[PDB]
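One structure is given below, encoded as structure tokens.
Number of protein chains: 4
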Amino acid sequence: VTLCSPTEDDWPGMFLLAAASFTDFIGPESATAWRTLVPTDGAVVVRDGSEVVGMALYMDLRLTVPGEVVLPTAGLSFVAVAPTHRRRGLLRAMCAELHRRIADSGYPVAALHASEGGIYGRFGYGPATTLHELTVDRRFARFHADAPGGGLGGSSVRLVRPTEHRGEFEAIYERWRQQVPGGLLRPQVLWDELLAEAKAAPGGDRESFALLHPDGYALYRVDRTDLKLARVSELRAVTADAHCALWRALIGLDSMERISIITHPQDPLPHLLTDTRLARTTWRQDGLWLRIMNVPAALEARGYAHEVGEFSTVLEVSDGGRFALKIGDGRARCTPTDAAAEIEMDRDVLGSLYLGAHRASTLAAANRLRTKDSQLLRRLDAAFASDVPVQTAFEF
Amino acid sequence: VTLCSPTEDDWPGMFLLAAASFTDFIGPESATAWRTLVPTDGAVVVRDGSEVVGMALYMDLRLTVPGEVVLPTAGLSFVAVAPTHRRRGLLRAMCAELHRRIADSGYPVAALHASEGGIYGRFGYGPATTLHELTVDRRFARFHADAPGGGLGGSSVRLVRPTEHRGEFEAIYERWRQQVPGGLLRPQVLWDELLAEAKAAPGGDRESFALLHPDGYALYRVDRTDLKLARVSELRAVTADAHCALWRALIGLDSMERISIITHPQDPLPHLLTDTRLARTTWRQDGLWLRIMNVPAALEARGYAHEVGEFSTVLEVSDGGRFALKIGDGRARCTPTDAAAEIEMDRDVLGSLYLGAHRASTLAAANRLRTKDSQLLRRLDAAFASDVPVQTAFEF
Amino acid sequence: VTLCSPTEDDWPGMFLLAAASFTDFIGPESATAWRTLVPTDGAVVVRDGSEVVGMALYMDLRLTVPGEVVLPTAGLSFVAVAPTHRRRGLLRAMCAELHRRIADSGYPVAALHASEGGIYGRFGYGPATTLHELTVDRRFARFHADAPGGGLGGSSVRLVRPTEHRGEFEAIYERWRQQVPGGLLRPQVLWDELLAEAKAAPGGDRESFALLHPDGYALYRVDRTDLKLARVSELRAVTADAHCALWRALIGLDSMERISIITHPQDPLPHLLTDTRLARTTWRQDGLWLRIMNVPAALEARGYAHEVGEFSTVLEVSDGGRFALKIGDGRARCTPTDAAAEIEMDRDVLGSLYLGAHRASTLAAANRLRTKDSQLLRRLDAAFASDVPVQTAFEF
Amino acid sequence: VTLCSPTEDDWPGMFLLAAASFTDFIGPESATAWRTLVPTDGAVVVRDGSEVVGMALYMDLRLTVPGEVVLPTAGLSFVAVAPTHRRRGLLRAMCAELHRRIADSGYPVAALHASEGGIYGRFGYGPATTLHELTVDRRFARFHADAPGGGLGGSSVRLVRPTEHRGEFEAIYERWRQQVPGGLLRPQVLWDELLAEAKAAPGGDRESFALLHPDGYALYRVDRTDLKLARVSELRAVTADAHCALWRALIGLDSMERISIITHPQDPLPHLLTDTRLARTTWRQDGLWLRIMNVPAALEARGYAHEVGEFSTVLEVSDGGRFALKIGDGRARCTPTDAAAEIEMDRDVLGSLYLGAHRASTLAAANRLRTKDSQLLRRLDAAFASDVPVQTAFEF
Ligand SMILES: Nc1nc(SCCCN2CCCCC2)nc2sc3c(c12)CC[C@H](c1ccccc1)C3
Ligand SMILES: Nc1nc(SCCCN2CCCCC2)nc2sc3c(c12)CC[C@H](c1ccccc1)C3
Ligand SMILES: Nc1nc(SCCCN2CCCCC2)nc2sc3c(c12)CC[C@H](c1ccccc1)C3
Ligand SMILES: Nc1nc(SCCCN2CCCCC2)nc2sc3c(c12)CC[C@H](c1ccccc1)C3
Ligand SMILES: [Mg+2]
Ligand SMILES: [Mg+2]
Ligand SMILES: [Mg+2]
Ligand SMILES: [Mg+2]
Ligand code: NA
Ligand code: NA
Ligand code: NA
Ligand code: NA
Ligand code: NA
Ligand code: NA
Ligand code: NA
Ligand code: NA
Ligand code: NA
Ligand code: NA
Ligand code: NA
Ligand code: NA
Ligand code: NA
Ligand code: NA
Ligand code: NA
Ligand code: NA
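So the sequences go chain by chain: L, X, A and R. Here the first sequence stands for residues 3 to 51, 56 to 402, numbered as in the UniProt record's numbering. Here the second sequence stands for residues 3 to 51, 56 to 402, numbered as in the UniProt record's numbering. Here the third sequence stands for residues 3 to 51, 56 to 402, numbered as in the UniProt record's numbering. Here the fourth sequence stands for residues 3 to 51, 56 to 402, numbered as in the UniProt record's numbering.
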């Protein structure tokens, strides 16, 4: 049970473990696209003897954070331990090796999507974005008088084949990801993947259509089994006009009873309707998880609310260092100190605060975050809060 | 079709319309309790000829708002138009008469619970609190190391008959409602009602038990039909210790598979567990709706975030006045002006901002709230935000 | 295993068999009401030794038939064989004894409601009325421009307690039953029963409300478990105005999603809406079954279509006689003959034709009704057809 | 937003709109077959600028009507407005253009199948045939003694591959459609389509088998997901012998629990069984919709009941002309008149009466059809009634 960097000879074993470990796994032809995002020495396998009983890797990602600042991000993925090799400490060993390589390579943060919500806390990962399913009963949906783009003249939205407007989607997404906390750069090979899933699979998924606006798009398909349900896989709007326009078009799908979308908690859709309740929240889950690899690098890199005035404190991260934190003019200076701590928290908790999705006051009430000054709690709450609401880019 | 204040002769007709209009309606013996909360001239009926084809009334309530400030509040309730008299403008007429009486009596705000989410916007009501159902699969629930009250020695929580500890619940609730935006004073007659529903109804609801802590309580009953489900009707905790303690006790209901509760979006429960995901959000709806009856009275009465620095603007409420608004040191001065408006919004939108449940930025993205300065949007967002998260007290 | 007329000593045994045989059975206090409709010598029991292992009885009813003609009708009911005494020929024996008494008493027809649709054919009973469940999704329901009673001024429909308007319901029903094929005289004791079921049963059925028009009524209750469903137990309208008015009022139940009613196939409701499809047919079953006890008495008593011109034929009923049938001016003369038969049918088939619910052509296509002249089939079809569509009165 | 006849360049745009608008749409290879049924100038598109935002066309059909009379029929189909271009009056404009072309080409009637039941009334379409799903629990099904084809010797029904007996199905259908109101000529290209759907689609529909009798056939497949359910897609019987024989064979599918079929309300199947109730009605919907394009041409072309004696009246169709209508010897003479109207109805209502599926008395009770003489209502009822019951041929 030795821990190694896989050779090309190990790939067959990794794809087997992958197929047995993840049901979504397409197979080794879609694995070519994602493989380009794994750097040399981004992967560990555990051999037994020999076959692969454990694997883990990270991908080179670019994550947008508050202040429209883009961080290099180790994206953890393809983590699996063989059913034959459970409770053998293989995840603890593989995670420790990758976290060393990630740290030593100069990534300030790592990120993942969680298969279960109880595994990644103990390795310093905090859920940092919230997914929110909205289901609209579109038979009752009337837009509010105040809603944009409900006047006379033409619609600026077009029904299109996705695959004939790759360039326009690319441009819109590229604007979207640079401007929104949670945004990831989506490279060419993943657009290649996305448009392959846009066409109908025999005995599988239906044709995906696209609604295209100058400043936004929505990809949608009718559900396999429920033929009165449209699933919006992805809606990217750069402007409020684009967002409203696209939803006017989705509510225009007169053959559907229900439109469903995985969105963020601050999605303005409910406020576009006369009856806010018509956009029911049907599902809520953790999206992206962050591990802050370097506390001073990460805290310094992101912007903070200009509204809160200058303040200073000492933050202790459990087995992660003690820092003099000074915030003002929406910049932070974060420097080593042995002064008495005013705030303590595990490293997972900082991940959860970092993109503004969770309030420090809420984590305080759960005692995940200790402080004796309720004024300092208010100031952290206000400082770490994000002007642009945090969204989830794409699963990896 | 004349609009009148009901006499005692009209009550029979109102109870008939009530039974035909609301399925929850107990009947005329529970109506005695609530009747004490309706002031003289708090009710209108519409007679035809004669029987009652329309009714509406308000109750004298005390609503807690940010800054632990308690407003007199007209609580709108018992609104019904006979199925025989729809689309006859009876609601518009009854609502207009009560809003006059409410305004002329010196209530700064009115409030209601909505049977449908598409009726009350046009009468100036904005949804102001969010209800959040959490269902915990308690078979998997382990508390986090950081969680309070998981040490050796005795538990401070007691399993009790609710009806033998009315005094203690009263005291705890009274502390709770004074300290939390959305809180209502609960008078004696409504405690009398609440403890009557605590005992088992033949072929109806099961016995309610109580978990009692010095600084908190939870009332729960097993669901009628699903015997592995506990429904927490009401959990009031004044301290984080009390909140965690009470949930340690609820997760200790080893004969249940699932605990369900209607709570608020900032409930710290998910953060008390090692697996945040075990507290699934199963349901989300508008709770309390506000109509701001007097804009300057209401804006001046509530506290604002101390973090945001002093700023001034002109707010226009559609057919509701234009005001010079100056906010600083968490107080607002709100005075008449004919200066050019920097923010416009319908009166319903102000209701939605008032308790801090909805961000001005979110309503802006839906164009419910117009401004050309994105800096002013950030400042409103920050100012109107509530330190103590807004909760929902009790339905009326 | 002797076959007898029950004494008062036998009642306990009959109520036991009743409770074990029919789940709807209230118990011996509701049995007092119906007992008044059973004539002396209207009941048979089978004793074993002793306890009651078999029972059957008939009630004295008045059935309206085409031409607004009212026939004395033996209503068969309370038929049960003990689970301990199946496949012992007890039903064949009890049915034969009652059919003798019914025949010898001068009833031209007997009738029943069937617990299963495969038992009563062999005893000469034919299904004669069709039940039709309509479920309206009332959220989408808009009345057609052409629909009556959608103008300005007051509604003539009232929401009422059923029990305070017994006299008005009685009068309306009495007009209804005299004018409609399938109508039964409803005696006082059954109105006493009906209004007892109008009030709420603890852990059972909800309060019944009434919609009252000068020329019609509807009794409705909200469903026990599904609180967005209204069940219309009974709607009697004497005029089209009344029928439309009452449905305008039912569609006005704005707190319900769905109105359901058991009605007849020719119910005009679908044609009152802009979208006929909103009144979905959710359920269809045989209602009232007829056994023609005396072929010439029954054929002569009912009216026939005036449209079809005079024609003559020979009808043979299998083990029921051969008759010269002459129809014209909507009267029939039916007299013994030994002339060659032109139409043969079992006695059950005549029951099915008798109220106009089933076309002779349809039963011909199934070869339940033999003839070699397709012209004679058209003439029977046209003659037996009912101008007023056949409805179902009440179960017994 | 100009309204044009599409060129071959427009087809790509029409197939896109088709795929986004109808979920059943196969794709552009099945579109070749149906395209042969669209005449030159049978289609309109609406371009925006450009892409297709609206389309509609009619197909040249031959509809059988009462009296075994075959009318040329514009079959309306492929109607779609882009989700981006709702509430823009595009359907009203496209429908008006096609109705002009249909009228000017000398079609006496147009017809369609409705995606929703609330759209086509306002364009003069009335639902003219009723679809009726019968589900048989075939485990309980015993044929009645009176049923044909239950004697000794061989069965005349064969289990066959559909595709090896195209000629025999064609011949039987051709006899069926000529003899039955609602019948459509089915051209070669649609038989080509039908037998392509008879073979198994990978991850889709199962193999279709055929039961073949000299004078009838049934196509059936086992349901994709429910393997104890047989779906009879199509059963055509020319004789009662054939109809009973084929059902004896379907009830012989001993591995199925349930046989389901979409049939007509007068289907004799229930009367072939000892228990009529075993054929439950599980579903009812409008089938074919008629717009009478020329009132005198249509009324004169169809046969009428010989049973009703000669009578004369004045019919007014709302914005459709006033006519002296004289009916006798099952022919109608229909001529212009300015005499006072005795019957008024919208044009949609005439469509509903035309094939005999709806009684004039029923539409009268809904006030869709006004007259002050109840005798004239009886005469229309009787005259328009169809000897052969009206069926639905095939969806288009
Ligand atoms: N990261 C990936 N994602 C996806 S789809 C994302 C949805 C799953 N998601 C993840 C869990 C939770 C929520 C849903 N597919 C693929 S294939 C593939 C990778 C990968 C990683 C690199 C790998 C490899 C292995 C050996 C040698 C070279 C490269 C091949
Ligand atoms: N406000 C009330 N609430 C309740 S339970 C609350 C739950 C309903 N809720 C409301 C809708 C949305 C969500 C659920 N019960 C009662 S009874 C009663 C009142 C009343 C008001 C006063 C009234 C009256 C009438 C005529 C004369 C004198 C007094 C009698
Ligand atoms: N006919 C009755 N109906 C009903 S409710 C009808 C619904 C049942 N229906 C019937 C089956 C199919 C469909 C639903 N309840 C009652 S109680 C009662 C009778 C009876 C008959 C007379 C009997 C008796 C016995 C011994 C001595 C004296 C009198 C007492
Ligand atoms: N009429 C058709 N039906 C069907 S399947 C019927 C079931 C749908 N039905 C309809 C709605 C309600 C109930 C189910 N498929 C096809 S493809 C096709 C047509 C068409 C029409 C002609 C068209 C075209 C377009 C542009 C250029 C040339 C030709 C191509
Ligand atoms: Mg975050
Ligand atoms: Mg609020
Ligand atoms: Mg009948
Ligand atoms: Mg018809
Ligand atoms: Na596509
Ligand atoms: Na998609
Ligand atoms: Na709303
Ligand atoms: Na500060
Ligand atoms: Na108790
Ligand atoms: Na409770
Ligand atoms: Na977690
Ligand atoms: Na400021
Ligand atoms: Na009542
Ligand atoms: Na009822
Ligand atoms: Na319709
Ligand atoms: Na005749
Ligand atoms: Na086959
Ligand atoms: Na088939
Ligand atoms: Na039967
Ligand atoms: Na006549």
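Virtual Cβ for every residue (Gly too), placed ideally from N, Cα, C.
Item	Value
Does ligand 22 have a heavy atom nearer than 7 Å to the CB of R/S214?	yes
From this set, L/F390, L/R145 and L/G44, which residue's C-alpha is nearest residue 54 of chain L's C-alpha?	It's not possible to place residue 54 of chain L here, given that chain L moves directly from 51 to 56.
Among all the DSSP beta bridges, which residues are the ones paired with L/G132?	L/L296
Just checking: is the beta-carbon of X/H91 within a distance shorter than 8 Å of some beta-carbon in chain A?	yes
Quick one: list the residues of chain L neighbouring X/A246, beta-carbon separation under 9 Å, in chain order.	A370, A371, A372 and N373
Taking the runs of the alpha helix (DSSP H) that are 4 residues or longer, which of them lie wholly in the segment 200-238 of chain L?	none
Which bits of chain L does R/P208 rub up against, with CB to CB less than 8 Å?	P208 and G209
Is the Cβ of R/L158 closer than 8 Å to any Cβ of chain A?	no
May I have all residues whose beta carbon comes closer than 6 Å to any heavy atom of ligand 16, sorted in chain order?	X/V314, X/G315, X/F317 and X/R385
Evaluate L/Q194 with the Cβ neighbour count: other Cβ atoms within 10 Å of its Cβ, from every protein chain shown; 16 or more gives buried, anything less gives exposed.	exposed
Taking Cβ to Cβ, would you say R/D143 is nearer than 8 Å to R/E263?	yes
Three or more C-beta pairs under 8 Å: does that hold for the segment 340-358 of chain L against the segment 74-81 of chain L?	no
State yes or no: is the C-beta of X/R164 nearer than 7 Å to some heavy atom of ligand 13?	no
At a cut-off of 7 Å, would you count R/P208 as near ligand 21, judging by its Cβ distance to the nearest heavy atom?	no
Please report the Cβ distance between L/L235 and L/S214, rounded to the nearest whole angstrom; I am assuming they are in contact, meaning their Cβ atoms lie under 8 Å.	The Cβ separation is near 14 Å, so there is no contact.
For L/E322, collect the residues of the same chain with a Cβ closer than 6 Å to its Cβ; drop the 5 residues on either side in sequence, then sort them by chain order.	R328, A347 and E350
Is it buried or exposed for X/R98, if we count other Cβ within 10 angstroms and need 16 for buried?	exposed
Just to confirm the assignment, what range does the alpha helix (DSSP H) spanning X/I257 have?	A246 to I257
At the level of alpha carbons, what is the spacing between X/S358 and R/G51?	42 Å
Rounding to the nearest angstrom, what Cα-Cα distance links L/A35 and L/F402 in this structure?	12 Å
With a threshold of 7 Å on Cβ separation, who are the neighbours of L/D229 within its own chain once the five nearest residues in sequence on each side are excluded?	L235 and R237
Which chain X residues sit within Cβ distance under 7 Å of residue 54 of chain A?	Since the model of chain A passes from 51 to 56 in one step, residue 54 of chain A is not part of what is shown.
Is X/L191 helix, strand or coil by DSSP?	coil
Can you find a heavy atom of ligand 22 that lies under 7 Å from the Cβ of L/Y64?	no
Tell whether a beta-carbon distance below 8 Å holds between L/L361 and L/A120.	no
Determine, using beta carbons only, whether R/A33 comes closer than 8 Å to chain L.	no
Hey, how far is the Cα of R/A255 from the Cα of A/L252?	48 Å
Less than 8 Å between the beta carbons of L/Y131 and L/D379, yes or no?	no
Apply the 10 Å Cβ neighbour rule to A/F129 and answer buried if 16 or more other Cβ atoms are within range, or exposed otherwise.	buried
For X/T343, name the three-state secondary structure that DSSP assigns.	coil
Could you round the C-beta distance between R/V163 and R/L218 to whole angstroms and report it? I think they count as a contact, below 8 Å.	7 Å
Count the other CB atoms within 10 Å of the CB of R/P14; is the residue buried (16 or more) or exposed (fewer)?	exposed
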